[PDB]
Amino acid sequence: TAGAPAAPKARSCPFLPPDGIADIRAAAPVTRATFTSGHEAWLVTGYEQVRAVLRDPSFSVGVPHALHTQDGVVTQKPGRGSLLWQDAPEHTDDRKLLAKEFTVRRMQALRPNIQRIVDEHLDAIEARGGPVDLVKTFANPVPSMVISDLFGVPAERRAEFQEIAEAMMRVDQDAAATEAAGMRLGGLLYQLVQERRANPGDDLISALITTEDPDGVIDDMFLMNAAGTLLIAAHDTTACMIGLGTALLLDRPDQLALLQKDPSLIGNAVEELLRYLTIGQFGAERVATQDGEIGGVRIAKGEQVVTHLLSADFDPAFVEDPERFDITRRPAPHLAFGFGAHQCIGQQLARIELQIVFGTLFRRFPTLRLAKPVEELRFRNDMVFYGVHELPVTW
């Protein structure tokens, strides 16, 4: 046909973006391409233009196609309180309500909880010795357990929360509301909400229950949608970064050795891991709602746009020598958490989880190493979030 060329996806090097991106970004940071669905849309690859799209409040997240799926069909989505598919003014109002209780202060307060969760999972790995799959024993279970503490889940209920979260982790966030595992999570959340109403606590769900609700928006469905969305948005993504960050650090002993010599670099290292790895691999989707202009290219009403966060995090106009992994950079504002109104709401919590996971993993296991070469690893090449399927490690 006369379709624009396929958006680059192949990687000859598994810790770098797809090979084709650089040449496009440099010549044409706003261009057309054809995505997995067969549809064509704008492909924005340069840092500055990705930020211009994402900060413009007239783009909508209600898109006509699902470009990264085979059939392109946009499935049915959850309602108010789920955020990801809402637009203003409802998105603005619902996010501000959730953010009233889901505060950066509540996220910092979870530090000790996180440290305990991280330490228990490593004592079990330790008690039974190498080799082990880090993905299954550590990267998958830790982030949902963090969230279960966020939600006040008591210890007798954890095994069931973890099993259900794990089934959901295998499903894409876009498909949750129309999959079976979604129903099983719905039933758990309905029940969790009733328990908290009956027995309030210090946790997030208890606080939302009694938050100041002038417009009368908070009912059980809103709460289930918010909790559900927090869990699903936090679990797969943070698990992928744990597994993929671990693999990259294990494959860069020079950067690892810097961190072991000066552990106060943990902050900076986490920022460079996020930039370098930008796990949302295929690009975020928006649709224009009015005519506009990005990078001197006219964008029309109804046109879909894909902001390629990975490509933009490797743009040489953003940082010097982008293909170099260097944990001593001064953090610059990467796009691994997005930008603008829909930017990751859990950014601060995810940073804490990763700082604690990598601080502690390398402090307790300085001899950690791969039990198989990086070319035998199997990467998540076709998944929404990039990472490793398995990460066998020893010490």
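From 1 onward, residues are counted along the sequence shown.
Here the stretch with the larger average CA B-factor, out of 308 to 316 and 120 to 128, is 120 to 128. Mean C-alpha B-factor is higher over 367 to 375 than over the other stretch, the pair under comparison being 10 to 18 and 367 to 375.
When the C-alpha B factors of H91, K136, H235, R286 are read from the deposited coordinates, the top value falls at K136. Within the selection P143, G81, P253, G302, the deposited Cα B-factor values reach their highest point at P253.
Residue-level temperature factors show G228 in the lowest third of its chain, judged at the C-alpha atom. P322: CA B factor lies in the middle third for its chain, per the PDB record. The deposited CA B-factor of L258 belongs to the middle third of values across its chain.
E272: CA B factor lies in the middle third for its chain, per the PDB record. Annotation for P64: C-alpha temperature factor in the middle third relative to the rest of the modelled chain, per the entry.
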